[PDB]
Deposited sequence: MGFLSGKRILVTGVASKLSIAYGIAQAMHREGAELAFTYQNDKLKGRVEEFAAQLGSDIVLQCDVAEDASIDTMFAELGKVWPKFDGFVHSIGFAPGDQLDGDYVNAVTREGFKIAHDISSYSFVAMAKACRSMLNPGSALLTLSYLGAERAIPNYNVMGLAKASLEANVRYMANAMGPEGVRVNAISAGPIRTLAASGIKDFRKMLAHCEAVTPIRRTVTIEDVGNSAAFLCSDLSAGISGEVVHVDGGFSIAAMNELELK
């Protein structure tokens, strides 16, 4: 495929519905050699299976809240992949309490801190830890959501974390571009990984249907291939034109 000859690390695969899962399927399909990570033991075995399917037996543990964990994982990965071509950052989180009800009432210093640390900082923490291992022409990818650009009910602090992550994409792209590395994001429309949210999106979205992990996977597979060589620091909307419409 258009990813033949590329070595790509994929984080965040927690189930067959996970966006990261849809992305690995498509990159594999296009011939990329894959490697996966898992947040903790409770998910290992399970992530080892997905990897076997995509011709990969590279399954490493990594918690992004810890630098030591990130470095340790890239050390292992380094054993089988002294060099590689980028990674898919598909990690997101905020304390349950943070995402419901009035934003100003829900947000807490700690809530803000964790959501920004896990959802935004982990992206450059990861680039930071593997920077000398990336080949020229490598590409990094992360996932955002429209809640970064607009105020969406309940999305609350996760919206500030995503605005931060989107800016992280421009700064990472600007600093890593000179050594042949591109960095972008995909702002996905809602995907079940609410039933109302999804109903709504569907009727108001230009393409008249919510997008899928397959739709996102192909966009990610392309954004991490040399096909998108002229694109860096971009937040591509793969939400069927939802954000560009109004009052449908």
### Query
Hey, which stretches of the deposited sequence didn't make it into the model?
1, 195 to 202, 258 to 262
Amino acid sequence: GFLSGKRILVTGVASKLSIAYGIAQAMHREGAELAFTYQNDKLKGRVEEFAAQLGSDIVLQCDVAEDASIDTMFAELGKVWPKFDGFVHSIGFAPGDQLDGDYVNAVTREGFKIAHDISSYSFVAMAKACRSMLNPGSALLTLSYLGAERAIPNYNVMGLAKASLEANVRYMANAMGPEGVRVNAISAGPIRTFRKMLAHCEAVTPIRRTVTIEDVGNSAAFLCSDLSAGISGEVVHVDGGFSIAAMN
From here on, numbers count along this sequence of modelled residues.
### Summary
The stretch carrying the higher mean Cα B factor in the deposited entry, 58 to 66 or 181 to 189, is 58 to 66
### Task
Identify the stretch, either 47 to 55 or 23 to 31, whose C-alpha atoms have the larger mean B-factor according to the entry.
47 to 55
### Query
When the CA B-factors of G147, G111, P82, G137 are compared as recorded in the entry, which is the largest?
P82
### Task
Check the PDB entry and point out which of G159, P95, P153, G86 has the largest C-alpha temperature factor.
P95
### Task
Pull the Cα B-factor of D117 out of the PDB entry and bin it into the chain's lowest, middle or highest third.
lowest
#### Entry: Chain third (lowest, middle, highest) by recorded CA B-factor, residue given as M73
middle
### Message
Using only modelled residues of the chain, where does the Cα B factor of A199 rank: lowest third, middle third or highest third?
### Response
highest
### Query
For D102, does the deposited CA B-factor place it in the lowest, middle or highest third of the chain?
middle
### Task
Relative to the other modelled residues of the same chain, rank the CA B-factor of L227 and answer lowest, middle or highest third.
middle
